[PDB]
Each structure stands twice: as structure tokens, then as C-alpha cells.
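Given next, in C-alpha cells, is a single chain: the form deposited without its partner chain.
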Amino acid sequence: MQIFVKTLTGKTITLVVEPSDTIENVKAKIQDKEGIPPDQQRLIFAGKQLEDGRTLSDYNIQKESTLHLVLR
């Protein structure tokens, strides 16, 4: 399973994930890719604000979904 995270400049990060990954796990992967601290990261999927402790499955994030990094 992979997801796409678009940064604030529109750069695409491609991540390998699992349905049970938390948003906090995803923020750690974005930090390794781009050097963005997790506390600087805010993510949305389909208009929903994603919380660190909830999982991809909890938000119905699927293969090939796109998330966005948005302003903190």
C-alpha cells in the first residue's frame, strides 16, 4: 500500500504504509523524507483534519490516496 503526501509547495512524497499505520507514523516518514519536524506537520485527507493517534484505516485512506500537508 502506498499513499502520496503533497507538501506545501506541491512536491509529492510517495510513502509505503499499512492500513494500521498511525498518522504519527506517517509524520515520522515525512520527517525522514523532507526534514519537516512532526510538530510542524498538519495533514488532511478528503477535507478531514488527521490526528496523530488515529490510523489510515480509521480515515478510510486507501491505496493511492493523496494527503496534503497544510498550514500549522
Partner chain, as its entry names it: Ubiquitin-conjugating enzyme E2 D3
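Numbering follows the first chain given and starts at 1.
Student: With respect to the recorded C-alpha B factors, which stretch has the higher mean value, 55-63 or 20-28?
Tutor: Stretch with the higher mean C-alpha B-factor: 55-63.
Student: When the modelled residues of the chain are sorted by Cα temperature factor, does residue 44 land in the lowest, middle or highest third?
Tutor: Tercile = middle for this residue's CA B-factor.
Student: Divide the modelled residues of the chain into thirds by Cα B-factor and specify which third, lowest, middle or highest, holds residue 70.
Tutor: Middle third, going by the recorded CA B-factors of the chain.
Student: Ordered by C-alpha B-factor within the chain, which third holds residue 1? Give me lowest, middle or highest, please.
Tutor: Tercile = highest for this residue's CA B-factor.
Beyond the structure shown, there is the form solved in complex with its partner chain, which is absent from this document and is the topic of what follows.
Student: Check whether residue 57 has any heavy atom within 4.5 Å of a heavy atom of its partner chain in the deposited complex, and answer yes or no.
Tutor: Heavy-atom contact with its partner chain at 4.5 Å: absent for residue 57.
Student: Along 31-45, which positions have a non-hydrogen atom within 4.5 Å of its partner chain in the deposited complex?
Tutor: Contacting residues: 42, 44.
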